Protein chains: 2
Amino acid sequence: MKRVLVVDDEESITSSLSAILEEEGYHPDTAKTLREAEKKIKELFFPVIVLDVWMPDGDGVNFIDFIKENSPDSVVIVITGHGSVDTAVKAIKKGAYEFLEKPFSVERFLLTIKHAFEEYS
Amino acid sequence: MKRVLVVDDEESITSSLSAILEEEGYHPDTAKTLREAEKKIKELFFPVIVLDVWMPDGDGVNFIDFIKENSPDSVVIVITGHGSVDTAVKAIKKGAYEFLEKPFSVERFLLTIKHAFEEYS
């Protein structure tokens with residue numbers, strides 16, 4: 001199942017990214033808090049999940065630790081508008097399949113998901 | 001033996017980075033061509049090597065493929081002044097332990113090596 005969970009305190013963004021995700025047949029999700037995404041993350045099977053860095057509860061880079069703990073085969077994408085090569089690297093070796101800034105187009109956004117699964121396989 | 005090979009068509013840079021590397025007891029090296037770094041690479045044991053992207057023969061990101069072929073346990077660092085998050089990621093999953101732009105300070109430069117080994121272990 002092309003299930004995907006988009007975690008972002010910005011309903012404005014998730015709303016858009018959710019339109020393109022649901023269009024490809026995928027199941028886009030929204031989460032304003034990580035803790036909430038963790039409860040369901042362990043209560044259901046999620047192939048690929050998207051979690052930005054700019055989080056209210058806590059950064060996303062560190063959030064991976066939990067995922068890689070209760071979902072090693074799982075793949076999560078880290079995105080942030082602040083931009084940073086340093087944080088990007090450490091965010092790639094943690095549990096981020098790809099690092100994309102805040103602004104993104106369906107072209108690069110869709111390519112991320114499609115590859116997110118194929119890779120996980 | 002704290003051996004390190006810095007590949008950069010810029011003798012001006014390698015000259016500096018080589019001063020700090022040799023200071024820590026490491027053995028800094030310079031290479032204006034990849035092909036040359038490949039011959040010696042398979043002619044000796046190299047724990048950590050640094051290869052920038054801006055190369056005359058060919059990009060460094062793709063160069064990793066060769067290393068990961070005749071040196072999987074080996075760790076190489078990819079650096080480029082052009083800067084790019086996209087290329088950075090793909091350069092991290094290839095064989096780059098860390099991604100640092102052109103300009104760098106001994107503080108971040110030394111930290112890369114020190115961790116380069118410890119990590120490889």
# chains A, B, ... in the order shown; residues from 1 in each chain; ligands from 1
call {"tool": "residues_around", "arguments": {"residues": "residue 87 (chain B)", "least_positions_apart": "5", "cutoff": "12 Å", "atoms": "only C-alpha atoms", "output": "NGL selection string"}}
result
(:A and (85 or 88-89 or 98-100)) or (:B and (53 or 59-62 or 78-82 or 92-94 or 96 or 99-101))
call {"tool": "write_last_selection", "arguments": {"atoms": "N, CA, C and O atoms", "output": "PDB file, in the first residue's frame"}}
result
ATOM      1  N   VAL A  85      23.471  22.223   4.847  1.00  0.00           N
ATOM      2  CA  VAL A  85      24.173  21.043   4.358  1.00  0.00           C
ATOM      3  C   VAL A  85      24.608  20.145   5.511  1.00  0.00           C
ATOM      4  O   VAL A  85      24.463  18.924   5.449  1.00  0.00           O
ATOM      5  N   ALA A  88      21.805  18.391   6.951  1.00  0.00           N
ATOM      6  CA  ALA A  88      21.307  17.495   5.913  1.00  0.00           C
ATOM      7  C   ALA A  88      22.017  16.146   5.966  1.00  0.00           C
ATOM      8  O   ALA A  88      21.374  15.096   5.980  1.00  0.00           O
ATOM      9  N   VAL A  89      23.345  16.182   5.994  1.00  0.00           N
ATOM     10  CA  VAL A  89      24.142  14.962   6.045  1.00  0.00           C
ATOM     11  C   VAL A  89      23.721  14.080   7.216  1.00  0.00           C
ATOM     12  O   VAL A  89      23.250  12.958   7.026  1.00  0.00           O
ATOM     13  N   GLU A  98      15.852  11.112   1.619  1.00  0.00           N
ATOM     14  CA  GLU A  98      16.149  12.271   0.785  1.00  0.00           C
ATOM     15  C   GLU A  98      15.917  13.568   1.554  1.00  0.00           C
ATOM     16  O   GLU A  98      15.037  13.646   2.412  1.00  0.00           O
ATOM     17  N   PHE A  99      16.713  14.585   1.241  1.00  0.00           N
ATOM     18  CA  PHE A  99      16.595  15.880   1.903  1.00  0.00           C
ATOM     19  C   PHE A  99      16.132  16.952   0.921  1.00  0.00           C
ATOM     20  O   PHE A  99      16.852  17.308  -0.012  1.00  0.00           O
ATOM     21  N   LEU A 100      14.924  17.462   1.138  1.00  0.00           N
ATOM     22  CA  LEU A 100      14.363  18.494   0.274  1.00  0.00           C
ATOM     23  C   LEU A 100      13.938  19.713   1.085  1.00  0.00           C
ATOM     24  O   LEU A 100      13.245  19.588   2.095  1.00  0.00           O
TER      25      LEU A 100
ATOM     26  N   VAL B  53      34.137  17.335  -5.660  1.00  0.00           N
ATOM     27  CA  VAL B  53      33.320  17.117  -6.847  1.00  0.00           C
ATOM     28  C   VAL B  53      33.947  17.770  -8.074  1.00  0.00           C
ATOM     29  O   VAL B  53      34.048  17.152  -9.133  1.00  0.00           O
ATOM     30  N   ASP B  59      33.407  13.867 -12.102  1.00  0.00           N
ATOM     31  CA  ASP B  59      32.838  14.155 -10.791  1.00  0.00           C
ATOM     32  C   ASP B  59      33.326  13.149  -9.754  1.00  0.00           C
ATOM     33  O   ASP B  59      33.763  12.051 -10.096  1.00  0.00           O
ATOM     34  N   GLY B  60      33.248  13.531  -8.483  1.00  0.00           N
ATOM     35  CA  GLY B  60      33.687  12.651  -7.415  1.00  0.00           C
ATOM     36  C   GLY B  60      32.587  11.721  -6.942  1.00  0.00           C
ATOM     37  O   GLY B  60      32.853  10.591  -6.532  1.00  0.00           O
ATOM     38  N   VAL B  61      31.347  12.197  -6.998  1.00  0.00           N
ATOM     39  CA  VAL B  61      30.203  11.401  -6.571  1.00  0.00           C
ATOM     40  C   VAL B  61      30.179  10.049  -7.278  1.00  0.00           C
ATOM     41  O   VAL B  61      29.969   9.013  -6.651  1.00  0.00           O
ATOM     42  N   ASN B  62      30.396  10.071  -8.590  1.00  0.00           N
ATOM     43  CA  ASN B  62      30.400   8.847  -9.383  1.00  0.00           C
ATOM     44  C   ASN B  62      31.674   8.043  -9.138  1.00  0.00           C
ATOM     45  O   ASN B  62      31.688   6.821  -9.285  1.00  0.00           O
ATOM     46  N   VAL B  78      33.150  13.672   0.350  1.00  0.00           N
ATOM     47  CA  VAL B  78      32.860  14.447  -0.850  1.00  0.00           C
ATOM     48  C   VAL B  78      32.671  15.923  -0.518  1.00  0.00           C
ATOM     49  O   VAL B  78      31.850  16.278   0.329  1.00  0.00           O
ATOM     50  N   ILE B  79      33.434  16.778  -1.190  1.00  0.00           N
ATOM     51  CA  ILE B  79      33.349  18.216  -0.968  1.00  0.00           C
ATOM     52  C   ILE B  79      33.240  18.971  -2.289  1.00  0.00           C
ATOM     53  O   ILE B  79      33.875  18.606  -3.280  1.00  0.00           O
ATOM     54  N   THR B  80      32.432  20.026  -2.297  1.00  0.00           N
ATOM     55  CA  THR B  80      32.241  20.833  -3.495  1.00  0.00           C
ATOM     56  C   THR B  80      31.881  22.271  -3.137  1.00  0.00           C
ATOM     57  O   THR B  80      31.162  22.520  -2.170  1.00  0.00           O
ATOM     58  N   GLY B  81      32.385  23.216  -3.925  1.00  0.00           N
ATOM     59  CA  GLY B  81      32.105  24.618  -3.675  1.00  0.00           C
ATOM     60  C   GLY B  81      30.826  25.082  -4.343  1.00  0.00           C
ATOM     61  O   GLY B  81      30.242  26.092  -3.948  1.00  0.00           O
ATOM     62  N   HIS B  82      30.389  24.344  -5.358  1.00  0.00           N
ATOM     63  CA  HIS B  82      29.171  24.687  -6.084  1.00  0.00           C
ATOM     64  C   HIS B  82      27.957  24.634  -5.161  1.00  0.00           C
ATOM     65  O   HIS B  82      26.980  25.356  -5.361  1.00  0.00           O
ATOM     66  N   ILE B  92      25.907  11.170  -0.313  1.00  0.00           N
ATOM     67  CA  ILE B  92      26.043  10.608   1.025  1.00  0.00           C
ATOM     68  C   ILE B  92      25.751   9.110   1.025  1.00  0.00           C
ATOM     69  O   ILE B  92      26.386   8.343   1.747  1.00  0.00           O
ATOM     70  N   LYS B  93      24.785   8.702   0.208  1.00  0.00           N
ATOM     71  CA  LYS B  93      24.410   7.297   0.110  1.00  0.00           C
ATOM     72  C   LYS B  93      25.388   6.533  -0.775  1.00  0.00           C
ATOM     73  O   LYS B  93      25.441   5.303  -0.743  1.00  0.00           O
ATOM     74  N   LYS B  94      26.162   7.268  -1.566  1.00  0.00           N
ATOM     75  CA  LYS B  94      27.141   6.661  -2.460  1.00  0.00           C
ATOM     76  C   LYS B  94      28.345   6.146  -1.678  1.00  0.00           C
ATOM     77  O   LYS B  94      28.598   4.942  -1.631  1.00  0.00           O
ATOM     78  N   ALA B  96      30.089   8.910   0.640  1.00  0.00           N
ATOM     79  CA  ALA B  96      30.569  10.100   1.329  1.00  0.00           C
ATOM     80  C   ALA B  96      30.126  10.106   2.788  1.00  0.00           C
ATOM     81  O   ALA B  96      28.932  10.136   3.085  1.00  0.00           O
ATOM     82  N   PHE B  99      29.508  15.729   3.969  1.00  0.00           N
ATOM     83  CA  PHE B  99      29.500  16.674   2.859  1.00  0.00           C
ATOM     84  C   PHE B  99      29.827  18.084   3.343  1.00  0.00           C
ATOM     85  O   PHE B  99      29.056  18.693   4.085  1.00  0.00           O
ATOM     86  N   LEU B 100      30.977  18.596   2.918  1.00  0.00           N
ATOM     87  CA  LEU B 100      31.410  19.933   3.308  1.00  0.00           C
ATOM     88  C   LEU B 100      31.719  20.785   2.081  1.00  0.00           C
ATOM     89  O   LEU B 100      32.433  20.351   1.177  1.00  0.00           O
ATOM     90  N   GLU B 101      31.176  21.998   2.056  1.00  0.00           N
ATOM     91  CA  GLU B 101      31.395  22.911   0.940  1.00  0.00           C
ATOM     92  C   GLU B 101      32.886  23.148   0.718  1.00  0.00           C
ATOM     93  O   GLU B 101      33.729  22.588   1.419  1.00  0.00           O
TER      94      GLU B 101
END
call {"tool": "select_by_dssp", "arguments": {"residues": "chain A", "states": "alpha helix (DSSP H)", "output": "ChimeraX atom specification"}}
result
/A:11-23,34-41,64-70,85-94,106-120
call {"tool": "select_by_dssp", "arguments": {"residues": "chain B", "states": "strand (DSSP E)", "output": "VMD selection string"}}
result
chain B and resid 4 to 7 30 to 31 48 to 52 75 to 80 96 to 101
call {"tool": "calpha_fit_and_write", "arguments": {"fixed": "chain A", "moving": "chain B", "output": "compact mmCIF listing (two decimals) with C-alpha atoms, in the first residue's frame"}}
result
# COMPACT_ATOMS: atom_id res chain seq x y z
CA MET B 1 -0.42 0.18 0.52
CA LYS B 2 1.32 3.30 -0.78
CA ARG B 3 0.65 4.74 2.68
CA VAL B 4 2.38 8.01 3.58
CA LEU B 5 2.26 10.32 6.59
CA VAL B 6 3.25 13.96 6.15
CA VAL B 7 4.21 15.57 9.47
CA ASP B 8 4.11 19.37 9.34
CA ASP B 9 2.65 22.00 11.66
CA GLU B 10 1.72 23.78 8.43
CA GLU B 11 -1.70 22.50 7.35
CA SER B 12 -1.30 24.86 4.39
CA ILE B 13 1.57 22.82 2.97
CA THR B 14 0.41 19.32 3.91
CA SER B 15 -2.90 20.21 2.25
CA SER B 16 -1.16 20.72 -1.09
CA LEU B 17 1.36 17.87 -0.84
CA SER B 18 -1.60 15.70 0.15
CA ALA B 19 -3.44 16.53 -3.08
CA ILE B 20 -0.60 15.26 -5.27
CA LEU B 21 0.02 12.25 -3.03
CA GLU B 22 -3.62 11.13 -3.11
CA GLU B 23 -3.60 11.66 -6.88
CA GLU B 24 -0.88 9.04 -7.39
CA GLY B 25 -3.08 6.66 -5.42
CA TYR B 26 -1.08 7.13 -2.23
CA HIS B 27 -2.61 7.95 1.16
CA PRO B 28 -1.28 11.32 2.40
CA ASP B 29 -1.60 12.20 6.08
CA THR B 30 -1.12 15.26 8.29
CA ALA B 31 0.28 15.65 11.80
CA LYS B 32 0.88 18.79 13.86
CA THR B 33 2.62 16.79 16.59
CA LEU B 34 5.18 13.98 16.49
CA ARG B 35 3.90 12.19 19.59
CA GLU B 36 0.64 11.76 17.69
CA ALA B 37 2.43 10.37 14.64
CA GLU B 38 4.27 7.94 16.92
CA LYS B 39 1.12 6.44 18.45
CA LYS B 40 -0.38 5.60 15.05
CA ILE B 41 3.06 4.74 13.67
CA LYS B 42 3.24 1.75 16.02
CA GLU B 43 -0.48 1.10 15.55
CA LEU B 44 -0.23 0.51 11.79
CA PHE B 45 2.17 -0.35 8.97
CA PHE B 46 3.80 2.62 7.23
CA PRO B 47 6.11 2.11 4.23
CA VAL B 48 7.22 5.72 3.74
CA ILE B 49 6.70 8.77 5.96
CA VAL B 50 7.62 12.44 5.62
CA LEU B 51 8.68 14.48 8.65
CA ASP B 52 10.02 18.03 8.37
CA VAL B 53 12.55 19.54 10.77
CA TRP B 54 10.57 22.61 11.81
CA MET B 55 8.52 20.77 14.43
CA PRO B 56 6.87 22.13 17.61
CA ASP B 57 7.44 19.07 19.79
CA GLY B 58 10.97 18.41 18.56
CA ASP B 59 13.26 18.36 15.53
CA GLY B 60 12.65 15.61 12.99
CA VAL B 61 16.26 14.51 12.61
CA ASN B 62 16.27 13.20 16.19
CA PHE B 63 12.77 11.79 15.72
CA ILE B 64 14.21 9.24 13.30
CA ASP B 65 15.97 7.50 16.19
CA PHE B 66 12.54 6.34 17.36
CA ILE B 67 11.53 5.15 13.89
CA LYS B 68 14.79 3.28 13.29
CA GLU B 69 14.04 1.66 16.64
CA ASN B 70 10.53 0.42 15.87
CA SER B 71 10.88 0.42 12.09
CA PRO B 72 14.38 -0.12 10.62
CA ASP B 73 13.11 -1.18 7.20
CA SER B 74 10.94 1.95 7.22
CA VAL B 75 11.95 4.99 5.18
CA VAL B 76 11.34 8.59 6.24
CA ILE B 77 12.02 11.85 4.39
CA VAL B 78 13.43 14.87 6.22
CA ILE B 79 12.54 18.33 4.91
CA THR B 80 13.31 21.81 6.24
CA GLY B 81 13.04 25.37 4.98
CA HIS B 82 15.89 26.66 7.12
CA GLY B 83 18.30 24.85 4.82
CA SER B 84 21.64 23.44 5.97
CA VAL B 85 24.18 21.07 4.44
CA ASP B 86 25.60 20.02 7.82
CA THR B 87 22.21 19.11 9.28
CA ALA B 88 21.29 17.53 5.95
CA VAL B 89 24.11 14.98 6.06
CA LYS B 90 23.51 13.87 9.64
CA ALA B 91 19.84 13.75 8.65
CA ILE B 92 20.66 11.36 5.80
CA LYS B 93 22.61 8.83 7.87
CA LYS B 94 19.90 8.93 10.54
CA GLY B 95 16.86 7.79 8.58
CA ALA B 96 16.22 10.29 5.80
CA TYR B 97 16.07 8.81 2.30
CA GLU B 98 16.17 12.28 0.73
CA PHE B 99 16.62 15.88 1.88
CA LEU B 100 14.39 18.50 0.27
CA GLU B 101 14.03 22.13 1.34
CA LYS B 102 10.67 23.65 2.28
CA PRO B 103 9.62 24.65 -1.26
CA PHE B 104 9.26 21.72 -3.66
CA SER B 105 7.47 20.82 -6.89
CA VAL B 106 5.37 17.74 -7.65
CA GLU B 107 8.15 16.83 -10.07
CA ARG B 108 10.74 16.40 -7.31
CA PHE B 109 8.13 15.55 -4.67
CA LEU B 110 6.60 12.67 -6.62
CA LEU B 111 10.04 11.40 -7.62
CA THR B 112 10.88 11.12 -3.93
CA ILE B 113 7.94 8.85 -3.10
CA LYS B 114 8.17 6.65 -6.19
CA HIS B 115 11.82 6.04 -5.30
CA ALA B 116 11.01 5.83 -1.59
CA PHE B 117 9.23 2.51 -2.12
CA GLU B 118 11.30 0.99 -4.93
CA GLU B 119 14.37 1.66 -2.78
CA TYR B 120 12.86 0.26 0.42
CA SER B 121 12.20 -2.94 -1.53
call {"tool": "decode", "arguments": {"residues": "region 78-99 of chain A", "atoms": "N, CA, C and O atoms", "output": "compact mmCIF listing (two decimals), in the first residue's frame"}}
result
# COMPACT_ATOMS: atom_id res chain seq x y z
N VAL A 78 13.24 13.66 5.43
CA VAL A 78 13.41 14.86 6.24
C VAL A 78 13.45 16.11 5.37
O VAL A 78 14.24 16.20 4.43
N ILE A 79 12.58 17.07 5.68
CA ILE A 79 12.52 18.32 4.92
C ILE A 79 12.51 19.53 5.85
O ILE A 79 11.89 19.50 6.91
N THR A 80 13.21 20.58 5.44
CA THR A 80 13.28 21.80 6.24
C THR A 80 13.50 23.02 5.35
O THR A 80 14.20 22.95 4.34
N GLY A 81 12.90 24.14 5.74
CA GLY A 81 13.04 25.36 4.97
C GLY A 81 14.25 26.17 5.38
O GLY A 81 14.73 27.02 4.63
N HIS A 82 14.74 25.92 6.59
CA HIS A 82 15.91 26.63 7.10
C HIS A 82 17.13 26.37 6.23
O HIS A 82 18.02 27.22 6.13
N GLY A 83 17.18 25.20 5.62
CA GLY A 83 18.30 24.85 4.76
C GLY A 83 19.59 24.71 5.54
O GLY A 83 19.88 25.51 6.43
N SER A 84 20.38 23.69 5.20
CA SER A 84 21.65 23.45 5.88
C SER A 84 22.27 22.13 5.41
O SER A 84 21.67 21.07 5.55
N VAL A 85 23.47 22.22 4.85
CA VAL A 85 24.17 21.04 4.36
C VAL A 85 24.61 20.14 5.51
O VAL A 85 24.46 18.92 5.45
N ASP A 86 25.14 20.76 6.56
CA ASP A 86 25.59 20.01 7.73
C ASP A 86 24.46 19.17 8.31
O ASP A 86 24.59 17.96 8.45
N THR A 87 23.36 19.83 8.65
CA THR A 87 22.20 19.14 9.22
C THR A 87 21.63 18.12 8.24
O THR A 87 21.05 17.12 8.65
N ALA A 88 21.81 18.39 6.95
CA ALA A 88 21.31 17.50 5.91
C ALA A 88 22.02 16.15 5.97
O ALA A 88 21.37 15.10 5.98
N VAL A 89 23.35 16.18 5.99
CA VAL A 89 24.14 14.96 6.05
C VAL A 89 23.72 14.08 7.22
O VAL A 89 23.25 12.96 7.03
N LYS A 90 23.89 14.59 8.43
CA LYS A 90 23.53 13.86 9.63
C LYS A 90 22.08 13.40 9.57
O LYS A 90 21.69 12.43 10.23
N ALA A 91 21.27 14.11 8.79
CA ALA A 91 19.86 13.77 8.64
C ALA A 91 19.66 12.66 7.61
O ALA A 91 18.60 12.05 7.55
N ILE A 92 20.69 12.41 6.81
CA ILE A 92 20.63 11.38 5.79
C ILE A 92 21.08 10.03 6.34
O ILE A 92 20.53 8.99 5.99
N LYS A 93 22.08 10.06 7.21
CA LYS A 93 22.60 8.84 7.82
C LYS A 93 21.71 8.38 8.97
O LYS A 93 21.80 7.24 9.42
N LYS A 94 20.85 9.28 9.44
CA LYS A 94 19.94 8.96 10.53
C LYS A 94 18.80 8.07 10.06
O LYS A 94 18.68 6.92 10.48
N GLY A 95 17.96 8.61 9.17
CA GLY A 95 16.84 7.84 8.65
C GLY A 95 16.11 8.57 7.54
O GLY A 95 14.96 8.26 7.24
N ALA A 96 16.78 9.54 6.93
CA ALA A 96 16.19 10.32 5.85
C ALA A 96 16.66 9.81 4.49
O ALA A 96 17.85 9.85 4.18
N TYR A 97 15.72 9.33 3.68
CA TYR A 97 16.04 8.81 2.36
C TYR A 97 16.44 9.94 1.41
O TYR A 97 17.26 9.75 0.52
N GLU A 98 15.85 11.11 1.62
CA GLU A 98 16.15 12.27 0.79
C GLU A 98 15.92 13.57 1.55
O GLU A 98 15.04 13.65 2.41
N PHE A 99 16.71 14.59 1.24
CA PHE A 99 16.60 15.88 1.90
C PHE A 99 16.13 16.95 0.92
O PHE A 99 16.85 17.31 -0.01
